Amino acid sequence: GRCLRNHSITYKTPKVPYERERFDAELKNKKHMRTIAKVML
Amino acid sequence: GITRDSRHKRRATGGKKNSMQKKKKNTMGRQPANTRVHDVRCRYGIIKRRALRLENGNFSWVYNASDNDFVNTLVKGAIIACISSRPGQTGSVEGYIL
Amino acid sequence: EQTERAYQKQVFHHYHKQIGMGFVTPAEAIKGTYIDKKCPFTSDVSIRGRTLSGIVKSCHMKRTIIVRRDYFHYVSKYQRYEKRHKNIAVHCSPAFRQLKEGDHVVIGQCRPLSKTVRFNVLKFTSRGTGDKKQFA
Amino acid sequence: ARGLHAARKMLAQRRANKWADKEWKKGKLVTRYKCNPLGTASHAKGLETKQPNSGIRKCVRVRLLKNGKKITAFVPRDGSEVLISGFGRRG
Amino acid sequence: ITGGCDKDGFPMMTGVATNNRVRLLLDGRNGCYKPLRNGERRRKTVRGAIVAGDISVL
Amino acid sequence: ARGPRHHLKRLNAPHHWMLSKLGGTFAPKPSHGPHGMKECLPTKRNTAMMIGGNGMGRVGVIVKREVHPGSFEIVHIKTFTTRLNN
RNA sequence: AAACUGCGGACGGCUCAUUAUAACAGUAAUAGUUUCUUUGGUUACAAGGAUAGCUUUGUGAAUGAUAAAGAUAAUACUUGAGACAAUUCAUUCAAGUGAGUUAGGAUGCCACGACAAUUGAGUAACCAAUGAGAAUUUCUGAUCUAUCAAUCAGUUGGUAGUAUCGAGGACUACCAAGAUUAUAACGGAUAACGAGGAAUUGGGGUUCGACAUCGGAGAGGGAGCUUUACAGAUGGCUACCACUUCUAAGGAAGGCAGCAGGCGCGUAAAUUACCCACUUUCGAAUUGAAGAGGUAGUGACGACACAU
RNA sequence: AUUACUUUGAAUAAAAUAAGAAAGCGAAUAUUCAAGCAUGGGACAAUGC
């Protein structure tokens, strides 16, 4: 390890870079519990 | 000098061990001062009475089982009576009449 | 037994003790004339925590035999086991005379007795004859 | 083998068959330290086309400081100690 | 004689019975070295107890 | 190590001392005495008291005490189980 | 203040070159060892001398350089009494523990021998704890390789001694022929310190882990030692190999893989800063010290929020 | 009769993982397998009797 202080990522870029059905829907900039529900169901 | 660790011996299969460190003081060995009385500062500060040579001896009521060559070194179990103390460690010869 | 350069003698000279957790001193230990400084029952060597078993692989060594252990090793990726073995040298007192290769022996852990020997035979069970009656 | 106690062979079988892998083997045997001009490094400081395409590719020959081997290097753009870093395809 | 230094500054010993600079694993028991730690021995060089012309002063 | 350790790290300190992970690089080393390093402080962890394992901080009365000559002995308390030393 | 004496510098900090059942992780034992510190308990109205700082002479260029002489103290070094404690040995009586001719008692012997001839708290010997700790050791577990198939002679065991803080071929003398191996021994490679962990994953897995914390090992290379309670110590010594430095040319010291910093190397990595104020440690101790530690500087490695 | 298997426990450094703006600080916080200890069961198995 390198540091005692924790850190996290607050987003994840999509797998497919260019898809029209996503460019329109998403359009300042373009910058969990479902599975938690899943595991108990 | 003399070490007593098993880092230089082989394995039960005959393998040669490979060095990963150097000699450490906790494996100290010492030159056997044959009792044909000094003191040695052992670990933890205790003292060992190293009897270099000695002739008198307490006993209670010609042959060495280990090495015939020793026949006049004084060691435990030697016949002279049979010595029962460790003269090289305790610093005196204590034996019993056969 | 006095076939060596020193007058062999017992450890507590004035003797037979008994081992601990649910064991029985063999008959040959008491009446036997053998002088053994490393015998569990007629000396000052005890049996501490560990306790294993196995079959006897070799009975050629003087007052020592080889116990073979077979077990399994589960391997995560394939969800399967593989046969494995380990051999340990065990000191065996002359209190057991019928003991031969191929028998099943309960052993216990004692203090370091040699470069390899660290255990003592406690209770043995004989098996079928492996065509060679090789004893201690 | 499929039985419950045959974990030795399939573990052994897989180890043998991995060596057939061109990509996997290249990363384990000793050529990335003696045959790769770049070694395991990214960049390296140093000092006519195929049939259906005609023209001339301007190129350069470079002797590396560390190894000393001579390699052919392209020039990036039109009309274009040197740092060289591979191409699109790895190796 | 009670002691003295050599032309190069080295003292003269008392036990030593020569006339040349002799390198000795000295200790504090014979003066010519003052240990910094305890039980520290340095191979210092000194001169024999016999007088000579090299003795810069007696 | 050439000799006995003197310093103590914050992370290596016992859990129940409740020391934070960012307060300081070191933690106070308990001196030798009547209580051990991990059994002292320089249910959140006859009728008895649990000082050891998972039951630490629990009070109650013993029902029975199995004994195994091999390794240890077990105490059952009104019910939870734990070794004698707890 | 200095000096003597006492304590510590064996912790801390850095690095990952070694190392392939070795180290390491978990588990078990020490009825096979054990200090240091701390904590609990037990067991002659004062004697004797010398020594530094002090003063004096000096020496060589100088090291953390050393020589002469004259004094003066001890909780430095001794003797000495107020009166035991534990070691060795031989014999014997013998209750916990799963388990002991065991703790313990008794007999005779040896050894050692006090509770400072201390100061305005200090000390010796032993017992216990601290101690799950240190150290040895039990069981199980590691990457690739057959273009490595047979390997081992202190080798495997037995006796008796030695040596060790202590078990043990750890070692020595005698005796025996034994140990391992296709369930991969022996050997070879690593751009191999191991673990807790990290990256990525539907499940399963693949790759990395020098680097916060735990354990190991090292201080240019071996080796040999000193002091102590703990070192095979290297910001201690000694010798060889290989280097570095000062020199009045006779000689002299040193070990940045501590913090900064310079070179060399390379694709690849920051200030020759301030302070003990946090955390903690060491000390004759509430004060002193700490490139541990904190603060400040550089810092599109990365992460979170957020202008245009 | 052991072993394997299986169920429960004991015992199990922290940090971290997940969990009761990145952060920070008392979670029952559960791990964390390979072994090892104790235990209820004996259907499928292996070892001799």
# chains A, B, ... in the order shown; residues from 1 in each chain; ligands from 1

$ select_by_dssp --residues "chain F" --states "strand (DSSP E)" --output "count of residues only"
17

$ interface_residues --of "chain A" --to "chain H" --cutoff "12 Å" --atoms "only C-alpha atoms (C1' of nucleotides)" --output "PyMOL selection string"
chain A and resi 1-11+32+36

$ residues_around --residues "segment 44-50 of chain B" --least-positions-apart "6" --cutoff "6 Å" --atoms "only C-alpha atoms (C1' of nucleotides)" --output "PyMOL selection string"
(chain B and resi 37-38+88-91) or (chain G and resi 35+229)

$ closest_atom_pairs --of "chain H" --to "chain F" --cutoff "12 Å" --atoms "only C-alpha atoms (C1' of nucleotides)" --output "tab-separated table"
residue	atom	partner	partner_atom	distance
H:8	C1'	F:81	CA	12.0
H:9	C1'	F:81	CA	7.6
H:10	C1'	F:82	CA	6.2
H:11	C1'	F:53	CA	7.4
H:12	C1'	F:53	CA	9.2
H:13	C1'	F:12	CA	6.4
H:14	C1'	F:11	CA	4.9
H:15	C1'	F:11	CA	6.4
H:16	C1'	F:11	CA	11.5
H:23	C1'	F:22	CA	11.9
H:24	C1'	F:22	CA	8.7
H:25	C1'	F:20	CA	7.2
H:26	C1'	F:18	CA	6.7
H:27	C1'	F:44	CA	10.3
H:28	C1'	F:44	CA	8.8
H:29	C1'	F:44	CA	11.0
H:36	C1'	F:71	CA	11.3
H:37	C1'	F:71	CA	7.3
H:38	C1'	F:68	CA	8.2
H:39	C1'	F:66	CA	11.1

$ residues_around --residues "segment 21-34 of chain G" --least-positions-apart "2" --cutoff "7 Å" --atoms "only C-alpha atoms (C1' of nucleotides)" --output "VMD selection string"
(chain C and resid 46 48 to 50 111) or (chain G and resid 19 100 138 165 to 167 194 to 195 216) or (chain H and resid 36)

$ write_last_selection --atoms "N, CA, C and O atoms (P, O5', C5', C4', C3', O3' and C1' of nucleotides)" --output "PDB file, in the first residue's frame"
ATOM      1  N   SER C  46       8.383 -37.219  27.958  1.00  0.00           N
ATOM      2  CA  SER C  46       6.934 -37.135  28.024  1.00  0.00           C
ATOM      3  C   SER C  46       6.349 -36.923  26.635  1.00  0.00           C
ATOM      4  O   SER C  46       7.063 -36.728  25.649  1.00  0.00           O
ATOM      5  N   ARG C  48       3.787 -34.522  24.684  1.00  0.00           N
ATOM      6  CA  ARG C  48       3.082 -33.252  24.708  1.00  0.00           C
ATOM      7  C   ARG C  48       2.014 -33.222  23.616  1.00  0.00           C
ATOM      8  O   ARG C  48       1.648 -34.251  23.044  1.00  0.00           O
ATOM      9  N   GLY C  49       1.518 -32.022  23.319  1.00  0.00           N
ATOM     10  CA  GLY C  49       0.304 -31.793  22.556  1.00  0.00           C
ATOM     11  C   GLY C  49      -0.006 -32.673  21.361  1.00  0.00           C
ATOM     12  O   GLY C  49      -1.025 -33.370  21.366  1.00  0.00           O
ATOM     13  N   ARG C  50       0.842 -32.659  20.338  1.00  0.00           N
ATOM     14  CA  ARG C  50       0.480 -33.298  19.079  1.00  0.00           C
ATOM     15  C   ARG C  50       0.439 -34.816  19.219  1.00  0.00           C
ATOM     16  O   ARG C  50       1.086 -35.402  20.089  1.00  0.00           O
ATOM     17  N   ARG C 111      10.195 -34.384  22.910  1.00  0.00           N
ATOM     18  CA  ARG C 111      11.233 -33.406  22.652  1.00  0.00           C
ATOM     19  C   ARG C 111      12.157 -33.894  21.541  1.00  0.00           C
ATOM     20  O   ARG C 111      12.174 -35.082  21.213  1.00  0.00           O
TER      21      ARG C 111
ATOM     22  P     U G  19      20.443 -16.860  -3.302  1.00  0.00           P
ATOM     23  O5'   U G  19      19.371 -17.467  -2.298  1.00  0.00           O
ATOM     24  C5'   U G  19      19.773 -18.108  -1.099  1.00  0.00           C
ATOM     25  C4'   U G  19      18.614 -18.238  -0.146  1.00  0.00           C
ATOM     26  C3'   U G  19      17.390 -18.951  -0.700  1.00  0.00           C
ATOM     27  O3'   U G  19      17.486 -20.357  -0.589  1.00  0.00           O
ATOM     28  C1'   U G  19      16.731 -16.927   0.321  1.00  0.00           C
ATOM     29  P     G G 100       1.968 -38.650  36.893  1.00  0.00           P
ATOM     30  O5'   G G 100       3.541 -38.512  37.073  1.00  0.00           O
ATOM     31  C5'   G G 100       4.419 -39.502  36.565  1.00  0.00           C
ATOM     32  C4'   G G 100       5.844 -39.020  36.570  1.00  0.00           C
ATOM     33  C3'   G G 100       6.338 -38.433  37.883  1.00  0.00           C
ATOM     34  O3'   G G 100       6.659 -39.384  38.895  1.00  0.00           O
ATOM     35  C1'   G G 100       6.897 -36.966  36.137  1.00  0.00           C
ATOM     36  P     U G 138      10.305 -29.553  14.007  1.00  0.00           P
ATOM     37  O5'   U G 138       8.815 -29.943  14.404  1.00  0.00           O
ATOM     38  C5'   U G 138       8.568 -30.917  15.405  1.00  0.00           C
ATOM     39  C4'   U G 138       7.094 -31.190  15.556  1.00  0.00           C
ATOM     40  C3'   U G 138       6.282 -31.128  14.275  1.00  0.00           C
ATOM     41  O3'   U G 138       6.360 -32.326  13.528  1.00  0.00           O
ATOM     42  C1'   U G 138       5.184 -29.901  15.966  1.00  0.00           C
ATOM     43  P     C G 165      26.152 -20.690  27.238  1.00  0.00           P
ATOM     44  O5'   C G 165      24.738 -20.197  27.769  1.00  0.00           O
ATOM     45  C5'   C G 165      24.414 -20.268  29.148  1.00  0.00           C
ATOM     46  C4'   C G 165      22.982 -20.680  29.341  1.00  0.00           C
ATOM     47  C3'   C G 165      22.609 -22.031  28.751  1.00  0.00           C
ATOM     48  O3'   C G 165      22.868 -23.082  29.666  1.00  0.00           O
ATOM     49  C1'   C G 165      21.001 -20.389  28.134  1.00  0.00           C
ATOM     50  P     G G 166      23.690 -24.388  29.229  1.00  0.00           P
ATOM     51  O5'   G G 166      22.599 -25.321  28.545  1.00  0.00           O
ATOM     52  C5'   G G 166      21.651 -26.026  29.334  1.00  0.00           C
ATOM     53  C4'   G G 166      20.330 -26.160  28.623  1.00  0.00           C
ATOM     54  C3'   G G 166      20.312 -27.078  27.414  1.00  0.00           C
ATOM     55  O3'   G G 166      20.165 -28.439  27.781  1.00  0.00           O
ATOM     56  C1'   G G 166      19.216 -25.045  26.891  1.00  0.00           C
ATOM     57  P     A G 167      20.812 -29.605  26.888  1.00  0.00           P
ATOM     58  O5'   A G 167      19.640 -30.027  25.899  1.00  0.00           O
ATOM     59  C5'   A G 167      18.525 -30.768  26.370  1.00  0.00           C
ATOM     60  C4'   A G 167      17.622 -31.170  25.234  1.00  0.00           C
ATOM     61  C3'   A G 167      18.279 -31.969  24.122  1.00  0.00           C
ATOM     62  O3'   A G 167      18.327 -33.350  24.428  1.00  0.00           O
ATOM     63  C1'   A G 167      16.923 -30.241  23.205  1.00  0.00           C
ATOM     64  P     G G 194       8.308 -12.163  -2.134  1.00  0.00           P
ATOM     65  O5'   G G 194       7.885 -12.936  -0.810  1.00  0.00           O
ATOM     66  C5'   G G 194       7.529 -14.309  -0.851  1.00  0.00           C
ATOM     67  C4'   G G 194       6.989 -14.776   0.476  1.00  0.00           C
ATOM     68  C3'   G G 194       5.617 -14.253   0.861  1.00  0.00           C
ATOM     69  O3'   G G 194       4.543 -14.933   0.238  1.00  0.00           O
ATOM     70  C1'   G G 194       7.066 -13.959   2.672  1.00  0.00           C
ATOM     71  P     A G 195       3.241 -14.106  -0.207  1.00  0.00           P
ATOM     72  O5'   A G 195       2.505 -13.781   1.164  1.00  0.00           O
ATOM     73  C5'   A G 195       2.060 -14.828   2.010  1.00  0.00           C
ATOM     74  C4'   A G 195       1.571 -14.310   3.340  1.00  0.00           C
ATOM     75  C3'   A G 195       0.453 -13.284   3.300  1.00  0.00           C
ATOM     76  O3'   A G 195      -0.824 -13.847   3.070  1.00  0.00           O
ATOM     77  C1'   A G 195       2.108 -12.555   4.792  1.00  0.00           C
ATOM     78  P     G G 216      11.917 -11.319  13.248  1.00  0.00           P
ATOM     79  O5'   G G 216      12.538 -11.739  11.842  1.00  0.00           O
ATOM     80  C5'   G G 216      12.641 -13.105  11.469  1.00  0.00           C
ATOM     81  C4'   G G 216      13.156 -13.269  10.061  1.00  0.00           C
ATOM     82  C3'   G G 216      14.486 -12.613   9.755  1.00  0.00           C
ATOM     83  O3'   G G 216      15.582 -13.376  10.215  1.00  0.00           O
ATOM     84  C1'   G G 216      12.961 -12.185   7.999  1.00  0.00           C
TER      85        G G 216
ATOM     86  P     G H  36      -6.372 -31.023   9.573  1.00  0.00           P
ATOM     87  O5'   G H  36      -6.043 -30.919  11.123  1.00  0.00           O
ATOM     88  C5'   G H  36      -4.699 -30.932  11.568  1.00  0.00           C
ATOM     89  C4'   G H  36      -4.515 -30.084  12.797  1.00  0.00           C
ATOM     90  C3'   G H  36      -5.583 -30.217  13.861  1.00  0.00           C
ATOM     91  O3'   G H  36      -5.439 -31.385  14.645  1.00  0.00           O
ATOM     92  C1'   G H  36      -5.091 -27.936  13.526  1.00  0.00           C
TER      93        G H  36
END
